file data-v6.csv (CSV, N, CA, C and O atoms)
chain,number,residue,atom,x,y,z
A,494,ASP,N,-22.0,16.3,5.1
A,494,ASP,CA,-20.8,17.1,5.6
A,494,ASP,C,-19.7,16.2,6.0
A,494,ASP,O,-19.1,16.4,7.1
A,495,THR,N,-19.3,15.2,5.2
A,495,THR,CA,-18.2,14.3,5.5
A,495,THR,C,-17.1,14.5,4.5
A,495,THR,O,-17.3,15.0,3.4
A,496,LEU,N,-15.9,14.0,4.9
A,496,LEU,CA,-14.8,14.1,4.0
A,496,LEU,C,-14.9,13.2,2.8
A,496,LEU,O,-15.4,12.1,2.9
A,497,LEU,N,-14.4,13.6,1.6
A,497,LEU,CA,-14.4,12.8,0.5
A,497,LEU,C,-13.6,11.6,0.6
A,497,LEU,O,-13.9,10.5,0.1
A,498,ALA,N,-12.5,11.7,1.4
A,498,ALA,CA,-11.6,10.6,1.6
A,498,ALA,C,-12.3,9.5,2.4
A,498,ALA,O,-11.8,8.3,2.3
A,499,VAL,N,-13.3,9.8,3.2
A,499,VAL,CA,-14.0,8.8,4.0
A,499,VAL,C,-15.3,8.4,3.4
A,499,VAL,O,-15.7,7.2,3.4
A,500,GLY,N,-16.0,9.3,2.7
A,500,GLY,CA,-17.3,9.0,2.1
A,500,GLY,C,-17.1,8.1,0.9
A,500,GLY,O,-17.9,7.2,0.7
A,501,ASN,N,-16.1,8.3,0.1
A,501,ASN,CA,-15.8,7.5,-1.1
A,501,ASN,C,-14.3,7.4,-1.3
A,501,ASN,O,-13.7,8.1,-2.1
A,502,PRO,N,-13.7,6.5,-0.6
A,502,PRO,CA,-12.2,6.4,-0.7
A,502,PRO,C,-11.7,6.0,-2.1
A,502,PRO,O,-10.6,6.2,-2.4
A,503,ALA,N,-12.6,5.3,-2.9
A,503,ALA,CA,-12.3,4.9,-4.2
A,503,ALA,C,-12.4,6.0,-5.2
A,503,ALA,O,-12.2,5.8,-6.4
A,504,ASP,N,-12.7,7.2,-4.8
A,504,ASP,CA,-12.9,8.3,-5.7
A,504,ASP,C,-11.5,8.7,-6.4
A,504,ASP,O,-10.5,8.4,-5.9
A,505,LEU,N,-11.7,9.3,-7.6
A,505,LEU,CA,-10.5,9.6,-8.4
A,505,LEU,C,-9.7,10.7,-7.7
A,505,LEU,O,-8.4,10.7,-7.7
A,506,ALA,N,-10.4,11.7,-7.1
A,506,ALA,CA,-9.7,12.8,-6.4
A,506,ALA,C,-9.0,12.2,-5.2
A,506,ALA,O,-7.9,12.7,-4.8
A,507,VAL,N,-9.5,11.2,-4.5
A,507,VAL,CA,-8.8,10.7,-3.4
A,507,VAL,C,-7.6,9.9,-3.8
A,507,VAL,O,-6.6,9.8,-3.1
A,508,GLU,N,-7.7,9.3,-5.0
A,508,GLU,CA,-6.5,8.6,-5.6
A,508,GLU,C,-5.4,9.6,-5.8
A,508,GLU,O,-4.2,9.4,-5.6
A,509,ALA,N,-5.8,10.8,-6.4
A,509,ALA,CA,-4.8,11.8,-6.6
A,509,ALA,C,-4.2,12.3,-5.3
A,509,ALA,O,-3.0,12.6,-5.2
A,510,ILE,N,-5.0,12.5,-4.3
A,510,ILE,CA,-4.5,12.9,-3.0
A,510,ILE,C,-3.7,11.8,-2.3
A,510,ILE,O,-2.7,12.2,-1.6
A,511,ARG,N,-3.9,10.6,-2.6
A,511,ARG,CA,-3.0,9.5,-2.1
A,511,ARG,C,-1.6,9.6,-2.8
A,511,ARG,O,-0.6,9.5,-2.2
A,512,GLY,N,-1.6,9.9,-4.1
A,512,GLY,CA,-0.4,10.2,-4.8
A,512,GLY,C,0.3,11.4,-4.2
A,512,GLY,O,1.6,11.4,-4.1
A,513,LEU,N,-0.4,12.4,-3.8
A,513,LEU,CA,0.1,13.6,-3.2
A,513,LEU,C,0.7,13.2,-1.8
A,513,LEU,O,1.7,13.7,-1.4
A,514,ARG,N,0.0,12.3,-1.1
A,514,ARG,CA,0.6,11.8,0.2
A,514,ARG,C,1.9,11.1,0.0
A,514,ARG,O,2.8,11.3,0.8
A,515,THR,N,2.0,10.3,-1.0
A,515,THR,CA,3.3,9.6,-1.3
A,515,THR,C,4.4,10.6,-1.7
A,515,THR,O,5.5,10.4,-1.4
A,516,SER,N,4.0,11.6,-2.5
A,516,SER,CA,5.0,12.6,-2.9
A,516,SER,C,5.4,13.5,-1.8
A,516,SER,O,6.6,13.9,-1.7
A,517,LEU,N,4.5,13.8,-0.9
A,517,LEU,CA,4.9,14.6,0.3
A,517,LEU,C,5.7,13.8,1.3
A,517,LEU,O,6.5,14.4,2.0
A,518,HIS,N,5.4,12.5,1.4
A,518,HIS,CA,6.3,11.7,2.3
A,518,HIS,C,7.8,11.8,1.9
A,518,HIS,O,8.7,11.6,2.7
A,519,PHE,N,8.0,12.1,0.6
A,519,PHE,CA,9.3,12.2,0.1
A,519,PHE,C,9.8,13.7,0.1
A,519,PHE,O,11.0,13.9,0.2
A,520,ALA,N,8.9,14.6,-0.1
A,520,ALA,CA,9.3,16.0,-0.1
A,520,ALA,C,9.6,16.6,1.3
A,520,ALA,O,10.4,17.4,1.5
A,521,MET,N,8.8,16.1,2.3
A,521,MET,CA,8.9,16.6,3.6
A,521,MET,C,10.0,16.0,4.5
A,521,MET,O,10.2,16.4,5.6
A,522,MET,N,10.7,14.9,4.0
A,522,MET,CA,11.9,14.5,4.7
A,522,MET,C,13.0,15.5,4.4
A,522,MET,O,13.0,16.2,3.4
A,523,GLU,N,13.9,15.6,5.4
A,523,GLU,CA,14.9,16.6,5.4
A,523,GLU,C,14.4,18.0,5.6
A,523,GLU,O,14.9,19.0,5.1
A,524,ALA,N,13.3,18.2,6.4
A,524,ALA,CA,12.6,19.4,6.6
A,524,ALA,C,12.8,19.8,8.1
A,524,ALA,O,13.1,19.0,8.9
A,525,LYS,N,12.6,21.1,8.4
A,525,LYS,CA,12.8,21.6,9.8
A,525,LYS,C,12.0,20.8,10.8
A,525,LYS,O,12.5,20.3,11.8
A,526,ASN,N,10.7,20.7,10.5
A,526,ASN,CA,9.8,20.0,11.4
A,526,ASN,C,8.7,19.4,10.6
A,526,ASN,O,8.6,19.4,9.4
A,527,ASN,N,7.7,18.7,11.3
A,527,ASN,CA,6.6,18.0,10.7
A,527,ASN,C,5.4,18.9,10.4
A,527,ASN,O,4.3,18.4,10.4
A,528,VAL,N,5.6,20.2,10.3
A,528,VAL,CA,4.5,21.1,10.1
A,528,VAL,C,4.4,21.4,8.6
A,528,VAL,O,5.4,21.7,7.9
A,529,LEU,N,3.2,21.2,8.0
A,529,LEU,CA,2.9,21.4,6.6
A,529,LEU,C,1.9,22.5,6.5
A,529,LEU,O,0.7,22.3,6.9
A,530,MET,N,2.3,23.7,6.0
A,530,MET,CA,1.3,24.8,5.8
A,530,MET,C,0.9,24.7,4.3
A,530,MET,O,1.7,24.5,3.4
A,531,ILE,N,-0.5,24.7,4.2
A,531,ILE,CA,-1.1,24.7,2.8
A,531,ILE,C,-1.8,26.0,2.7
A,531,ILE,O,-2.6,26.4,3.5
A,532,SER,N,-1.6,26.7,1.6
A,532,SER,CA,-2.2,28.0,1.3
A,532,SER,C,-2.7,28.0,-0.1
A,532,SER,O,-2.0,27.6,-1.0
A,533,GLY,N,-3.9,28.6,-0.3
A,533,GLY,CA,-4.4,28.8,-1.6
A,533,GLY,C,-3.7,30.0,-2.3
A,533,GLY,O,-3.0,30.8,-1.6
A,534,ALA,N,-3.9,30.1,-3.6
A,534,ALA,CA,-3.4,31.3,-4.3
A,534,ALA,C,-4.4,32.4,-4.2
A,534,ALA,O,-4.1,33.6,-4.0
B,583,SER,N,-2.9,-9.9,-0.8
B,583,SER,CA,-3.7,-9.1,0.1
B,583,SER,C,-3.8,-9.8,1.5
B,583,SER,O,-3.7,-9.2,2.5
B,584,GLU,N,-4.1,-11.1,1.4
B,584,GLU,CA,-4.2,-11.9,2.7
B,584,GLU,C,-2.9,-11.8,3.5
B,584,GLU,O,-3.0,-11.7,4.7
B,585,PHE,N,-1.8,-11.9,2.8
B,585,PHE,CA,-0.5,-11.8,3.5
B,585,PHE,C,-0.3,-10.4,4.1
B,585,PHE,O,0.1,-10.3,5.3
B,586,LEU,N,-0.6,-9.4,3.4
B,586,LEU,CA,-0.4,-8.0,3.8
B,586,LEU,C,-1.3,-7.7,5.0
B,586,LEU,O,-0.8,-7.1,6.0
B,587,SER,N,-2.5,-8.1,5.0
B,587,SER,CA,-3.4,-7.8,6.1
B,587,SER,C,-3.1,-8.7,7.3
B,587,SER,O,-3.7,-8.4,8.3
B,588,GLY,N,-2.3,-9.7,7.1
B,588,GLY,CA,-1.8,-10.5,8.3
B,588,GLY,C,-2.5,-11.8,8.4
B,588,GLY,O,-2.0,-12.6,9.2
B,589,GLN,N,-3.5,-12.1,7.6
B,589,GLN,CA,-4.3,-13.3,7.8
B,589,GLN,C,-3.8,-14.4,6.8
B,589,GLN,O,-4.6,-15.3,6.4
B,590,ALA,N,-2.5,-14.4,6.5
B,590,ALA,CA,-1.9,-15.5,5.7
B,590,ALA,C,-0.4,-15.6,6.0
B,590,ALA,O,0.1,-14.6,6.5
B,591,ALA,N,0.2,-16.7,5.8
B,591,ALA,CA,1.6,-16.9,6.1
B,591,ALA,C,2.4,-16.6,4.9
B,591,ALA,O,1.9,-16.4,3.7
B,592,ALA,N,3.7,-16.4,5.1
B,592,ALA,CA,4.7,-16.1,4.0
B,592,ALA,C,4.8,-17.2,3.0
B,592,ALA,O,5.1,-17.0,1.9
B,593,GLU,N,4.5,-18.4,3.4
B,593,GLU,CA,4.6,-19.6,2.6
B,593,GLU,C,3.3,-20.1,2.0
B,593,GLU,O,3.3,-20.8,1.0
B,594,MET,N,2.2,-19.6,2.6
B,594,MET,CA,0.9,-20.1,2.1
B,594,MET,C,0.4,-19.3,0.8
B,594,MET,O,-0.6,-19.7,0.2
B,595,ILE,N,1.2,-18.3,0.4
B,595,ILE,CA,0.8,-17.5,-0.7
B,595,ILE,C,1.5,-17.8,-2.0
B,595,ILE,O,1.0,-17.4,-3.1
B,596,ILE,N,2.6,-18.5,-2.0
B,596,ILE,CA,3.4,-18.8,-3.2
B,596,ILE,C,2.8,-20.1,-3.9
B,596,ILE,O,2.5,-21.1,-3.2
B,597,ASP,N,2.6,-20.0,-5.2
B,597,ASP,CA,2.1,-21.1,-6.0
B,597,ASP,C,2.9,-21.3,-7.2
B,597,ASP,O,3.3,-20.3,-7.9
B,598,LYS,N,3.2,-22.5,-7.6
B,598,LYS,CA,4.1,-22.8,-8.7
B,598,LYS,C,3.3,-22.7,-10.0
B,598,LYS,O,2.2,-23.3,-10.1
B,599,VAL,N,3.8,-22.0,-11.0
B,599,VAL,CA,3.2,-22.0,-12.3
B,599,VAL,C,3.4,-23.4,-12.9
B,599,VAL,O,4.5,-24.0,-12.9
B,600,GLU,N,2.3,-23.9,-13.6
B,600,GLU,CA,2.4,-25.2,-14.1
B,600,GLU,C,3.4,-25.3,-15.3
B,600,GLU,O,4.4,-26.0,-15.2
B,601,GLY,N,3.2,-24.6,-16.4
B,601,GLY,CA,4.0,-24.6,-17.5
B,601,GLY,C,5.1,-23.5,-17.6
B,601,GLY,O,5.9,-23.5,-18.6
B,602,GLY,N,5.2,-22.7,-16.6
B,602,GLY,CA,6.2,-21.6,-16.6
B,602,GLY,C,7.5,-21.9,-15.9
B,602,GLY,O,8.5,-21.4,-16.3
B,603,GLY,N,7.5,-22.8,-14.9
B,603,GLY,CA,8.6,-23.1,-14.1
B,603,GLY,C,9.1,-22.0,-13.1
B,603,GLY,O,10.2,-22.1,-12.6
B,604,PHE,N,8.2,-21.1,-12.8
B,604,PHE,CA,8.5,-20.1,-11.8
B,604,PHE,C,7.3,-20.0,-10.8
B,604,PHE,O,6.3,-20.5,-11.1
B,605,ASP,N,7.6,-19.5,-9.6
B,605,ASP,CA,6.6,-19.3,-8.6
B,605,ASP,C,5.8,-18.0,-8.9
B,605,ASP,O,6.3,-17.1,-9.7
B,606,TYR,N,4.7,-17.8,-8.3
B,606,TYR,CA,4.0,-16.6,-8.4
B,606,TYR,C,3.3,-16.3,-7.0
B,606,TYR,O,3.0,-17.3,-6.3
B,607,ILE,N,2.9,-15.1,-6.8
B,607,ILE,CA,2.1,-14.6,-5.7
B,607,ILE,C,0.9,-13.8,-6.3
B,607,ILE,O,1.2,-12.8,-7.0
B,608,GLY,N,-0.3,-14.2,-6.1
B,608,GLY,CA,-1.4,-13.5,-6.6
B,608,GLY,C,-1.8,-12.4,-5.8
B,608,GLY,O,-1.3,-12.1,-4.7
B,609,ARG,N,-2.8,-11.6,-6.3
B,609,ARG,CA,-3.2,-10.4,-5.6
B,609,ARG,C,-4.2,-10.8,-4.4
B,609,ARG,O,-4.4,-9.9,-3.6
B,610,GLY,N,-4.7,-12.0,-4.4
B,610,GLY,CA,-5.7,-12.3,-3.4
B,610,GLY,C,-7.0,-11.6,-3.7
B,610,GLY,O,-7.3,-11.1,-4.8
B,611,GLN,N,-7.8,-11.5,-2.6
B,611,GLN,CA,-9.1,-10.7,-2.8
B,611,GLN,C,-8.8,-9.3,-2.8
B,611,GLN,O,-7.9,-8.7,-2.1
B,612,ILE,N,-9.5,-8.6,-3.7
B,612,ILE,CA,-9.4,-7.1,-3.9
B,612,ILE,C,-9.6,-6.4,-2.5
B,612,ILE,O,-10.8,-6.5,-2.0
B,613,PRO,N,-8.6,-5.8,-1.9
B,613,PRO,CA,-8.8,-5.2,-0.6
B,613,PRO,C,-9.5,-3.9,-0.8
B,613,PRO,O,-9.5,-3.3,-1.9
B,614,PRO,N,-10.1,-3.3,0.3
B,614,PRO,CA,-10.6,-2.0,0.2
B,614,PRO,C,-9.6,-0.9,0.3
B,614,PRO,O,-9.9,0.3,-0.1
B,615,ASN,N,-8.4,-1.1,0.8
B,615,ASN,CA,-7.3,-0.1,0.9
B,615,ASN,C,-6.0,-0.7,0.3
B,615,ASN,O,-5.0,-0.9,0.9
B,616,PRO,N,-6.0,-0.9,-1.1
B,616,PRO,CA,-4.8,-1.4,-1.7
B,616,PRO,C,-3.5,-0.6,-1.5
B,616,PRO,O,-2.5,-1.2,-1.4
B,617,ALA,N,-3.7,0.7,-1.5
B,617,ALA,CA,-2.5,1.6,-1.3
B,617,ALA,C,-1.9,1.5,0.1
B,617,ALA,O,-0.7,1.6,0.2
B,618,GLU,N,-2.7,1.3,1.1
B,618,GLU,CA,-2.3,1.3,2.4
B,618,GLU,C,-1.8,-0.1,2.9
B,618,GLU,O,-1.0,-0.2,3.9
B,619,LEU,N,-2.3,-1.2,2.3
B,619,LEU,CA,-1.6,-2.5,2.5
B,619,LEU,C,-0.2,-2.5,2.0
B,619,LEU,O,0.7,-3.0,2.7
B,620,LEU,N,0.0,-2.0,0.8
B,620,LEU,CA,1.3,-2.0,0.2
B,620,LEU,C,2.3,-1.1,1.0
B,620,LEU,O,3.5,-1.2,0.8
B,621,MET,N,1.8,-0.2,1.9
B,621,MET,CA,2.6,0.5,2.8
B,621,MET,C,3.1,-0.2,4.0
B,621,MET,O,3.9,0.3,4.7
B,622,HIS,N,2.4,-1.4,4.3
B,622,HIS,CA,2.7,-2.1,5.5
B,622,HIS,C,4.2,-2.6,5.4
B,622,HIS,O,4.7,-2.9,4.4
B,623,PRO,N,4.8,-2.8,6.6
B,623,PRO,CA,6.2,-3.4,6.6
B,623,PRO,C,6.2,-4.8,6.1
B,623,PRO,O,7.3,-5.3,5.8
B,624,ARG,N,5.0,-5.5,6.1
B,624,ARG,CA,5.0,-6.9,5.7
B,624,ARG,C,5.4,-7.0,4.2
B,624,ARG,O,6.0,-8.0,3.8
B,625,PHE,N,5.1,-6.0,3.4
B,625,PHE,CA,5.5,-6.1,2.0
B,625,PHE,C,7.0,-6.1,1.8
B,625,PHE,O,7.6,-6.9,1.1
B,626,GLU,N,7.7,-5.2,2.5
B,626,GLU,CA,9.1,-5.1,2.5
B,626,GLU,C,9.8,-6.4,3.1
B,626,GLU,O,10.8,-6.8,2.7
B,627,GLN,N,9.1,-6.9,4.2
B,627,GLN,CA,9.6,-8.1,4.8
B,627,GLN,C,9.5,-9.3,3.8
B,627,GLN,O,10.5,-10.1,3.7
B,628,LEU,N,8.4,-9.4,3.1
B,628,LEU,CA,8.3,-10.4,2.0
B,628,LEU,C,9.3,-10.2,1.0
B,628,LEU,O,9.9,-11.2,0.5
B,629,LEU,N,9.6,-9.0,0.5
B,629,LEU,CA,10.6,-8.8,-0.5
B,629,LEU,C,12.0,-9.1,0.0
B,629,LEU,O,12.7,-9.7,-0.8
B,630,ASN,N,12.3,-8.8,1.2
B,630,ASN,CA,13.6,-9.2,1.8
B,630,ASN,C,13.8,-10.7,1.9
B,630,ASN,O,14.9,-11.2,1.6
B,631,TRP,N,12.7,-11.4,2.2
B,631,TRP,CA,12.8,-12.8,2.3
B,631,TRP,C,12.9,-13.5,0.9
B,631,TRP,O,13.7,-14.4,0.7

call {"tool": "encode", "arguments": {"input": "data-v6.csv", "output": "structure tokens"}}
result
Amino acid sequence: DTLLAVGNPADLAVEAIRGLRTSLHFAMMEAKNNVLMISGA
Amino acid sequence: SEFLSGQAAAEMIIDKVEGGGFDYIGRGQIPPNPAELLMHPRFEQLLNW
């Protein structure tokens, strides 16, 4: 019951999530606050 | 890697190519967090210098 980012940081999904982190560092600047809501469809 | 993690100097990492006539900086030892070392301010400091 551990996070994939910690259990296997070299995983392909964690690499995609790191790319997501870098893209959100750019999308979330010029935003109201540092709150990021994530919702499924 | 050694420079970014802090255990090397800005000058200890540069090596002259023998037949190329330019300097290079190698990757060092493969780090466990390559993406997060490259996020360190040391990378931009090295580039500015």

call {"tool": "interface_residues", "arguments": {"input": "data-v6.csv", "of": "chain B", "to": "chain A", "cutoff": "8 Å", "atoms": "all atoms listed in the file", "output": "MDAnalysis selection string"}}
result
chainID B and resid 614:615 617

call {"tool": "select_by_dssp", "arguments": {"input": "data-v6.csv", "residues": "chain A", "states": "alpha helix (DSSP H)", "output": "ChimeraX atom specification"}}
result
/A:497-500,505-520

call {"tool": "residues_around", "arguments": {"input": "data-v6.csv", "residues": "segment 591-601 of chain B", "least_positions_apart": "3", "cutoff": "12 Å", "atoms": "only C-alpha atoms", "output": "PyMOL selection string"}}
result
chain B and resi 583-588+604-610+624-631

call {"tool": "residues_around", "arguments": {"input": "data-v6.csv", "residues": "segment 496-498 of chain A", "least_positions_apart": "6", "cutoff": "9 Å", "atoms": "only C-alpha atoms", "output": "ChimeraX atom specification"}}
result
/A:504,506-507,510

call {"tool": "axis_aligned_box", "arguments": {"input": "data-v6.csv", "around": "segment 516-520 of chain A", "padding_each_side": "5 Å", "output": "AutoDock Vina command-line options"}}
result
--center_x 7.5 --center_y 14.5 --center_z -0.1 --size_x 17.0 --size_y 15.8 --size_z 15.6

call {"tool": "atom_distance", "arguments": {"input": "data-v6.csv", "atom1": "atom C of residue 513 of chain A", "atom2": "atom O of residue 590 of chain B"}}
result
29.0 Å

call {"tool": "atom_distance", "arguments": {"input": "data-v6.csv", "atom1": "atom CA of residue 613 of chain B", "atom2": "atom N of residue 499 of chain A"}}
result
16.1 Å

call {"tool": "decode", "arguments": {"input": "data-v6.csv", "residues": "segment 519-533 of chain A", "atoms": "N, CA, C and O atoms", "output": "PDB file, in the first residue's frame"}}
result
ATOM      1  N   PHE A 519       4.113  25.130 -15.181  1.00  0.00           N
ATOM      2  CA  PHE A 519       3.940  26.195 -16.156  1.00  0.00           C
ATOM      3  C   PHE A 519       2.487  26.605 -16.329  1.00  0.00           C
ATOM      4  O   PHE A 519       2.210  27.775 -16.608  1.00  0.00           O
ATOM      5  N   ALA A 520       1.555  25.669 -16.177  1.00  0.00           N
ATOM      6  CA  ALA A 520       0.140  26.000 -16.293  1.00  0.00           C
ATOM      7  C   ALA A 520      -0.387  26.731 -15.065  1.00  0.00           C
ATOM      8  O   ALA A 520      -1.269  27.586 -15.192  1.00  0.00           O
ATOM      9  N   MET A 521       0.130  26.417 -13.880  1.00  0.00           N
ATOM     10  CA  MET A 521      -0.401  26.964 -12.644  1.00  0.00           C
ATOM     11  C   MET A 521       0.207  28.302 -12.251  1.00  0.00           C
ATOM     12  O   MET A 521      -0.236  28.886 -11.259  1.00  0.00           O
ATOM     13  N   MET A 522       1.215  28.797 -12.965  1.00  0.00           N
ATOM     14  CA  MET A 522       1.605  30.180 -12.745  1.00  0.00           C
ATOM     15  C   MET A 522       0.574  31.100 -13.378  1.00  0.00           C
ATOM     16  O   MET A 522      -0.087  30.744 -14.357  1.00  0.00           O
ATOM     17  N   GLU A 523       0.428  32.289 -12.790  1.00  0.00           N
ATOM     18  CA  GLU A 523      -0.621  33.241 -13.145  1.00  0.00           C
ATOM     19  C   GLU A 523      -2.004  32.723 -12.765  1.00  0.00           C
ATOM     20  O   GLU A 523      -2.985  32.984 -13.461  1.00  0.00           O
ATOM     21  N   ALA A 524      -2.089  31.985 -11.663  1.00  0.00           N
ATOM     22  CA  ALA A 524      -3.339  31.443 -11.159  1.00  0.00           C
ATOM     23  C   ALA A 524      -3.718  32.136  -9.858  1.00  0.00           C
ATOM     24  O   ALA A 524      -2.885  32.768  -9.204  1.00  0.00           O
ATOM     25  N   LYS A 525      -4.999  32.013  -9.493  1.00  0.00           N
ATOM     26  CA  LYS A 525      -5.505  32.679  -8.296  1.00  0.00           C
ATOM     27  C   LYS A 525      -4.698  32.295  -7.066  1.00  0.00           C
ATOM     28  O   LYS A 525      -4.213  33.160  -6.330  1.00  0.00           O
ATOM     29  N   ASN A 526      -4.550  30.999  -6.824  1.00  0.00           N
ATOM     30  CA  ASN A 526      -3.824  30.511  -5.667  1.00  0.00           C
ATOM     31  C   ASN A 526      -3.157  29.195  -6.027  1.00  0.00           C
ATOM     32  O   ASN A 526      -3.234  28.725  -7.165  1.00  0.00           O
ATOM     33  N   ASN A 527      -2.492  28.597  -5.041  1.00  0.00           N
ATOM     34  CA  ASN A 527      -1.742  27.365  -5.239  1.00  0.00           C
ATOM     35  C   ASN A 527      -2.584  26.126  -4.996  1.00  0.00           C
ATOM     36  O   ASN A 527      -2.048  25.079  -4.621  1.00  0.00           O
ATOM     37  N   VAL A 528      -3.893  26.218  -5.189  1.00  0.00           N
ATOM     38  CA  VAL A 528      -4.790  25.088  -5.008  1.00  0.00           C
ATOM     39  C   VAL A 528      -5.059  24.453  -6.363  1.00  0.00           C
ATOM     40  O   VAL A 528      -5.421  25.140  -7.331  1.00  0.00           O
ATOM     41  N   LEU A 529      -4.864  23.143  -6.432  1.00  0.00           N
ATOM     42  CA  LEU A 529      -5.069  22.367  -7.645  1.00  0.00           C
ATOM     43  C   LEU A 529      -6.106  21.299  -7.337  1.00  0.00           C
ATOM     44  O   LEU A 529      -5.835  20.359  -6.588  1.00  0.00           O
ATOM     45  N   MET A 530      -7.293  21.462  -7.904  1.00  0.00           N
ATOM     46  CA  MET A 530      -8.357  20.483  -7.800  1.00  0.00           C
ATOM     47  C   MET A 530      -8.241  19.513  -8.961  1.00  0.00           C
ATOM     48  O   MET A 530      -8.127  19.932 -10.114  1.00  0.00           O
ATOM     49  N   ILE A 531      -8.254  18.224  -8.654  1.00  0.00           N
ATOM     50  CA  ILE A 531      -8.224  17.175  -9.661  1.00  0.00           C
ATOM     51  C   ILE A 531      -9.501  16.364  -9.522  1.00  0.00           C
ATOM     52  O   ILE A 531      -9.846  15.925  -8.421  1.00  0.00           O
ATOM     53  N   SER A 532     -10.207  16.181 -10.634  1.00  0.00           N
ATOM     54  CA  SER A 532     -11.491  15.497 -10.646  1.00  0.00           C
ATOM     55  C   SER A 532     -11.504  14.478 -11.770  1.00  0.00           C
ATOM     56  O   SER A 532     -11.053  14.772 -12.876  1.00  0.00           O
ATOM     57  N   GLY A 533     -12.007  13.282 -11.488  1.00  0.00           N
ATOM     58  CA  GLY A 533     -12.249  12.331 -12.548  1.00  0.00           C
ATOM     59  C   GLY A 533     -13.450  12.718 -13.387  1.00  0.00           C
ATOM     60  O   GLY A 533     -14.258  13.569 -13.022  1.00  0.00           O
TER      61      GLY A 533
END
